[PDB]
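Presented below is the structure to which this report refers.
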Amino acid sequence: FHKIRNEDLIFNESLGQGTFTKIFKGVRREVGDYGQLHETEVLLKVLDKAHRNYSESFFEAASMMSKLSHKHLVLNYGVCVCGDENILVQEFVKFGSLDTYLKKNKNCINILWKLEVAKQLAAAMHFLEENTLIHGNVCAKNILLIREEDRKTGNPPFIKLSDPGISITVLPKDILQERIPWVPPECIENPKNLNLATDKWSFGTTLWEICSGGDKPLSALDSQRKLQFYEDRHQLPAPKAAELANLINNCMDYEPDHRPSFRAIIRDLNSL
Ligand SMILES: O=C(Nc1nc2cccc(-c3ccc(CN4CCS(=O)(=O)CC4)cc3)n2n1)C1CC1
């Protein structure tokens, strides 16, 4: 990671919190191309001091996203580890997390918009699968909207996938259960089962979110009931807009070996 000075970072408004983290919009003062000085908008992710013992995993997650370069992956700019802080410095995506956007703009998102976003997410995941690189936390809140759809110019929306955060392989069990049905059944049974097939399952859950206007599946179930949901081998209900329900259920296969490749997922999406 590139090291960024604390004095070059300005923390501004809170964007909420993640698991053991707080997130802010900020500004990074930097020398850019041609030596020009810039004050660049950045996403600042801060590991809670009380959870400093996760620092390794915290940075490993981000390092995953910098292992490769791709148009659908959020950029890491660097880290600030001055003093008692563990800070990730990332690209700031103008329109933010997709679940919030879906909840706010549900009354004007149609099947074509959803198909474009689904195809872009699948393209990103196909890139990761070809590189045998596990993401491990695919979900709508980790999809960021770079550009809105502009039908006046035919321009489709454009999204990127953000870093997965601290890995489910080290998180407490109660958090994993709260993350049902994004965390697949085999990872509830054993978080060390994290594998490429994990991201196919979570991709299914994320499509469900995209089709459900930002609703969270199984939100009315407490952790014990989410566990039993897996134990009874239930599937998610079809969204009212049911165009992707079969793909959702095919990806959310309780047999990890049977989940379709992302190449096959993309072929399916292109057939609609
Ligand atoms: O937020 C914006 N851009 C932006 N860029 C990036 C780049 C990387 C990561 C993020 C990001 C920020 C926050 C979150 C969690 N978060 C908590 C409250 S929640 O309501 O559940 C919606 C999601 C998740 C991802 N972001 N976010 C624009 C709208 C102001």
Side-chain angles (χ1 to χ4, degrees), residues 1-2 4-35 37-44 46-48 50-55 57-59 61-66 68-101 105 117 120-121 124 127-128 131 133 135-150 155 157-167 170:
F1 280 116
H2 173 66
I4 300 168
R5 305 187 303 167
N6 193 276
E7 69 199 283
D8 291 326
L9 295 177
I10 306 291
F11 281 76
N12 288 126
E13 63 259 30
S14 175
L15 304 179
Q17 44 196 215
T19 299
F20 303 150
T21 62
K22 304 279 201 302
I23 303 156
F24 305 85
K25 184 177 186 179
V27 173
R28 176 202 181 176
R29 301 193 187 103
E30 59 178 328
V31 178
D33 296 331
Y34 313 105
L37 287 163
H38 290 96
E39 304 211 0
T40 304
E41 291 180 335
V42 294
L43 189 293
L44 302 170
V46 184
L47 187 61
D48 290 346
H51 301 293
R52 56 186 182 282
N53 51 330
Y54 287 92
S55 59
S57 188
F58 171 76
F59 288 117
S63 83
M64 171 257 158
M65 300 283 289
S66 293
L68 311 172
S69 185
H70 191 276
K71 64 174 177 195
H72 285 310
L73 302 174
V74 171
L75 299 170
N76 289 328
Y77 293 151
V79 301
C80 179
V81 288
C82 301
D84 65 351
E85 286 157 331
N86 288 121
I87 300 167
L88 281 165
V89 184
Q90 300 178 324
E91 144 181 29
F92 179 80
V93 181
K94 187 174 177 187
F95 297 92
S97 284
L98 204 64
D99 65 328
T100 302
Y101 187 90
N105 305 276
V117 166
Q120 296 177 27
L121 181 60
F127 178 78
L128 298 176
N131 281 274
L133 192 53
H135 184 270
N137 193 11
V138 183
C139 57
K141 75 163 180 59
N142 285 342
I143 303 175
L144 303 163
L145 188 65
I146 291 267
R147 184 183 71 203
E148 301 190 283
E149 164 186 279
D150 179 8
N155 242 17
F158 191 93
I159 58 96
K160 288 183 169 192
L161 173 67
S162 64
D163 84 274
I166 295 167
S167 174
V170 301

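All values below come from the heavy atoms of this structure, side chains included, with hydrogens, waters and symmetry mates left out. This chain uses plain numbering: 1 for the first residue, then up along the sequence.
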Going through the distances and angles, do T40 and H38 end up as a side chain to side chain contact (heavy atoms under 4.5 Å, CB included)? CA-CA 6 Å; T40 304; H38 290 96; 3.6 Å; yes
Does any part of the side chain of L47, heavy atoms only, come nearer than 4.5 Å to the side chain of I166, both counted from C-beta? yes
Gap between atom OH of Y77 and atom CG of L44 - 0.5 Å precision: 11.0 Å
Find out whether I4 and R28 are in side-chain contact, i.e. whether some heavy atom of one side chain is under 4.5 Å from a heavy atom of the other. yes
Measuring from atom CG of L43 to atom CG of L15, what distance do you get when rounded to the nearest 0.5 angstrom? 6.5 Å
Min side-chain heavy-atom separation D48-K22 under 4.5 Å: yes
Consider only side-chain N and O atoms of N155 and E149, and report whether a donor and an acceptor are under 3.5 Å apart. no
For a quick test of reading the model, state the closest non-hydrogen atom pair linking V117 to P157 and the distance between them. CG2-CG, 4.0 Å
In Å and rounded to the nearest 0.5 Å, what is the CZ to CG distance from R29 to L37? 10.5 Å
Donor-acceptor contact below 3.5 Å, side chain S57 vs main chain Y54: no
Taking every non-hydrogen atom, the tightest pair across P164 and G136: CB-C, 4.5 Å
Taking C-beta and beyond as the side chain, do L133 and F127 meet within less than 4.5 Å on heavy atoms? no
Excluding sequence neighbours, so at least two apart, what forms salt bridge (charged side-chain N to carboxylate O under 4.0 Å, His left out) with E7? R5
Any side-chain heavy-atom pair of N12 and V27 under 4.5 Å: yes
Could you check whether the rings of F24 and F11 sit parallel, tilted or perpendicular, using 30° and 60° as the cut-offs? perpendicular
If every non-hydrogen atom of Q120 is compared with every non-hydrogen atom of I159, which pair is closest and at what distance? OE1-N, 2.9 Å
For the residue pair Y101 and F95, does the interplanar ring angle fall in the parallel (under 30°), tilted (30 to 60°) or perpendicular (over 60°) class? perpendicular
Taken to the nearest 0.5 Å, the spacing of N142 CG from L121 CG works out to 10.5 Å
Any donor-acceptor pair under 3.5 Å from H135 side chain to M64 backbone: no
Enter the distance from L144:CG to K94:NZ here, rounded to the nearest 0.5 Å. 14.5 Å
By salt bridge (charged side-chain N to carboxylate O under 4.0 Å, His left out), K160 pairs with (sequence neighbours left out) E91
Determine yes or no for a side-chain-to-main-chain donor-acceptor pair under 3.5 angstrom, with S97 supplying the side chain and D99 the backbone. no
Under 3.5 Å, is there a donor on one side chain and an acceptor on the other for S66 and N76? yes
I need the minimum non-hydrogen distance between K141 and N137, along with the two atoms involved. NZ-ND2, 4.5 Å
Is the backbone N or O of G165 less than 3.5 Å from a side-chain atom of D163, with the two atoms forming a donor-acceptor pair by type? yes
State, with a plain yes or no, whether a side-chain heavy atom of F158 is found less than 4.5 Å away from one of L145. no
Ring center gap for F58 and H51 short of 6.0 angstrom: no
Trace of the side chain to side chain contact (heavy atoms under 4.5 Å, CB included) decision for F1 with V89: CA-CA 10 Å; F1 280 116; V89 184; over 6 Å; no
Taking NZ, NE, NH1 and NH2 as the nitrogens, is one of them in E41 or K25 under 4.0 Å from a carboxylate oxygen of the other? yes
Considering residues at least two apart in sequence or located in another chain, which fulfil the salt bridge (charged side-chain N to carboxylate O under 4.0 Å, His left out) criterion with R147? none
Report the distance from atom CG of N105 to atom OG1 of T100, rounding to the nearest 0.5 Å. 10.5 Å
Do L128 and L161 have side chains that get closer than 4.5 Å, going by heavy atoms? yes
